[PDB]
Amino acid sequence: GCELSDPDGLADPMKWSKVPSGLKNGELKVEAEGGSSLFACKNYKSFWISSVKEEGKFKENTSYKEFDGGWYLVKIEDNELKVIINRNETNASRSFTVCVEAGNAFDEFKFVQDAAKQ
């Protein structure tokens with residue numbers, strides 16, 4: 001117990017017709033090449049960007065559908081959210097976040113890039 005809620009006033013999980021197989025409960029592992037991923041939403045076609053992190057802490061976002069973090073890039077096209085990630089050429093791993101809310105729910109996505117081993 002110690003929870004209480006309205007009997008029919010909860011939020012179902014946000015749901016997607018397209019996701020990448022690299023997703024593990026919103027944690028998105030990425031290698032020292034970087035990749036694209038596509039997140040097409042089947043139940044919430046109305047959301048916007050309300051977090052970014054690029055450096056273990058959060059930062060602000062210059063749009064509602066886009067972000068451009070230099071090596072990182074976000075684009076919402078109605079109901080298709082994408083990220084396309086550049087190659088890390090550094091000897092350090094680095095990590096990102098993309099939280100989006102659709103009013104009642106938010107699926108935080110937590111990207112985790114690896115170091116190059118060069």
# chains A, B, ... in the order shown; residues from 1 in each chain; ligands from 1
>>> residues_around(residues="region 23-29 of chain A", least_positions_apart="6", cutoff="6 Å", atoms="only C-alpha atoms", output="ChimeraX atom specification")
/A:109-112
>>> residues_around(residues="residue 90 (chain A)", least_positions_apart="2", cutoff="10 Å", atoms="only C-alpha atoms", output="list in words")
residues 32, 87, 88, 92, 93, 94, 114, 115, 116, 117 and 118 of chain A
>>> residues_around(residues="residue 101 (chain A)", least_positions_apart="6", cutoff="8 Å", atoms="only C-alpha atoms", output="list in words")
residues 47, 48, 49, 50 and 107 of chain A
>>> write_last_selection(atoms="C-alpha atoms", output="compact mmCIF listing (two decimals), in the first residue's frame")
# COMPACT_ATOMS: atom_id res chain seq x y z
CA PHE A 47 4.21 15.13 -27.33
CA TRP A 48 7.32 17.36 -27.19
CA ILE A 49 10.90 17.40 -25.97
CA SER A 50 11.25 18.38 -22.28
CA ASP A 107 8.76 7.60 -21.46
>>> residues_around(residues="residue 41 (chain A)", least_positions_apart="6", cutoff="9 Å", atoms="only C-alpha atoms", output="NGL selection string")
:A and (14-19 or 79-81)
>>> select_by_dssp(residues="chain A", states="strand (DSSP E)", output="PyMOL selection string")
chain A and resi 16-18+23-24+27-30+36-41+48-49+52-53+58-59+66-68+73-77+80-84+94-101+106-113
>>> closest_residue(among="A:11, A:83, A:30, A:98", to="residue 54 (chain A)", atoms="only C-alpha atoms")
A:98
>>> residues_around(residues="residue 69 (chain A)", least_positions_apart="6", cutoff="12 Å", atoms="only C-alpha atoms", output="list in words")
residues 52, 53, 54, 55, 59, 60, 61, 62, 75, 83, 84, 85, 86, 95, 96, 97 and 98 of chain A
>>> closest_residue(among="A:65, A:91, A:9, A:20", to="residue 39 (chain A)", atoms="only C-alpha atoms")
A:20
>>> decode(residues="region 36-101 of chain A", atoms="C-alpha atoms", output="PDB file, in the first residue's frame")
ATOM      1  CA  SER A  36      19.952   5.877 -35.858  1.00  0.00           C
ATOM      2  CA  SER A  37      16.872   4.790 -33.890  1.00  0.00           C
ATOM      3  CA  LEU A  38      13.169   5.310 -34.704  1.00  0.00           C
ATOM      4  CA  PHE A  39      10.391   5.472 -32.110  1.00  0.00           C
ATOM      5  CA  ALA A  40       6.960   5.546 -33.795  1.00  0.00           C
ATOM      6  CA  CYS A  41       4.141   6.123 -31.365  1.00  0.00           C
ATOM      7  CA  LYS A  42       0.818   4.415 -31.776  1.00  0.00           C
ATOM      8  CA  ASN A  43      -1.126   5.778 -28.748  1.00  0.00           C
ATOM      9  CA  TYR A  44       0.269   9.345 -28.188  1.00  0.00           C
ATOM     10  CA  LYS A  45       0.962  11.280 -31.465  1.00  0.00           C
ATOM     11  CA  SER A  46       1.135  14.561 -29.535  1.00  0.00           C
ATOM     12  CA  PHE A  47       4.213  15.134 -27.333  1.00  0.00           C
ATOM     13  CA  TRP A  48       7.323  17.356 -27.190  1.00  0.00           C
ATOM     14  CA  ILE A  49      10.900  17.398 -25.970  1.00  0.00           C
ATOM     15  CA  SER A  50      11.248  18.378 -22.284  1.00  0.00           C
ATOM     16  CA  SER A  51      14.566  16.919 -21.334  1.00  0.00           C
ATOM     17  CA  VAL A  52      18.079  16.812 -22.708  1.00  0.00           C
ATOM     18  CA  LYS A  53      21.221  15.605 -20.859  1.00  0.00           C
ATOM     19  CA  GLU A  54      24.646  15.413 -22.567  1.00  0.00           C
ATOM     20  CA  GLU A  55      27.063  15.446 -19.631  1.00  0.00           C
ATOM     21  CA  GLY A  56      25.575  13.518 -16.692  1.00  0.00           C
ATOM     22  CA  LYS A  57      23.343  16.583 -15.898  1.00  0.00           C
ATOM     23  CA  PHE A  58      20.344  18.028 -17.745  1.00  0.00           C
ATOM     24  CA  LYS A  59      20.315  21.039 -20.131  1.00  0.00           C
ATOM     25  CA  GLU A  60      17.682  23.134 -22.007  1.00  0.00           C
ATOM     26  CA  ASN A  61      16.092  22.583 -25.445  1.00  0.00           C
ATOM     27  CA  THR A  62      15.789  25.214 -28.229  1.00  0.00           C
ATOM     28  CA  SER A  63      12.538  23.767 -29.730  1.00  0.00           C
ATOM     29  CA  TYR A  64       9.598  21.418 -28.962  1.00  0.00           C
ATOM     30  CA  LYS A  65      10.429  18.790 -31.616  1.00  0.00           C
ATOM     31  CA  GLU A  66      14.179  19.107 -32.166  1.00  0.00           C
ATOM     32  CA  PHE A  67      17.528  19.124 -30.423  1.00  0.00           C
ATOM     33  CA  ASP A  68      21.091  19.368 -31.857  1.00  0.00           C
ATOM     34  CA  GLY A  69      23.814  18.549 -29.286  1.00  0.00           C
ATOM     35  CA  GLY A  70      26.689  18.474 -31.818  1.00  0.00           C
ATOM     36  CA  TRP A  71      27.282  14.669 -31.825  1.00  0.00           C
ATOM     37  CA  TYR A  72      23.585  14.057 -30.989  1.00  0.00           C
ATOM     38  CA  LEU A  73      20.376  15.042 -32.792  1.00  0.00           C
ATOM     39  CA  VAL A  74      16.619  14.655 -32.019  1.00  0.00           C
ATOM     40  CA  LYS A  75      13.667  15.105 -34.481  1.00  0.00           C
ATOM     41  CA  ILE A  76       9.882  14.560 -33.895  1.00  0.00           C
ATOM     42  CA  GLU A  77       7.832  14.175 -37.116  1.00  0.00           C
ATOM     43  CA  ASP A  78       4.281  14.074 -35.685  1.00  0.00           C
ATOM     44  CA  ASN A  79       4.386  10.533 -34.316  1.00  0.00           C
ATOM     45  CA  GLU A  80       7.911   9.430 -35.345  1.00  0.00           C
ATOM     46  CA  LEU A  81      10.611  10.497 -32.886  1.00  0.00           C
ATOM     47  CA  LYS A  82      14.166   9.773 -34.081  1.00  0.00           C
ATOM     48  CA  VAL A  83      17.702  10.135 -32.827  1.00  0.00           C
ATOM     49  CA  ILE A  84      20.828   9.846 -35.046  1.00  0.00           C
ATOM     50  CA  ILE A  85      24.109   9.614 -33.100  1.00  0.00           C
ATOM     51  CA  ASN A  86      27.635  10.447 -34.365  1.00  0.00           C
ATOM     52  CA  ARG A  87      30.729   8.331 -33.745  1.00  0.00           C
ATOM     53  CA  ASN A  88      32.564   8.943 -30.485  1.00  0.00           C
ATOM     54  CA  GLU A  89      36.258   9.243 -31.414  1.00  0.00           C
ATOM     55  CA  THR A  90      37.212   9.754 -27.740  1.00  0.00           C
ATOM     56  CA  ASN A  91      38.603   7.376 -25.130  1.00  0.00           C
ATOM     57  CA  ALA A  92      35.591   8.133 -22.839  1.00  0.00           C
ATOM     58  CA  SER A  93      32.027   6.856 -22.755  1.00  0.00           C
ATOM     59  CA  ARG A  94      29.254   9.520 -22.653  1.00  0.00           C
ATOM     60  CA  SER A  95      25.456   9.415 -22.160  1.00  0.00           C
ATOM     61  CA  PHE A  96      22.284  11.258 -23.158  1.00  0.00           C
ATOM     62  CA  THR A  97      18.609  11.587 -22.233  1.00  0.00           C
ATOM     63  CA  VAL A  98      15.419  12.345 -24.198  1.00  0.00           C
ATOM     64  CA  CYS A  99      12.330  12.721 -21.982  1.00  0.00           C
ATOM     65  CA  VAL A 100       9.072  13.459 -23.773  1.00  0.00           C
ATOM     66  CA  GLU A 101       5.614  13.903 -22.140  1.00  0.00           C
TER      67      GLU A 101
END
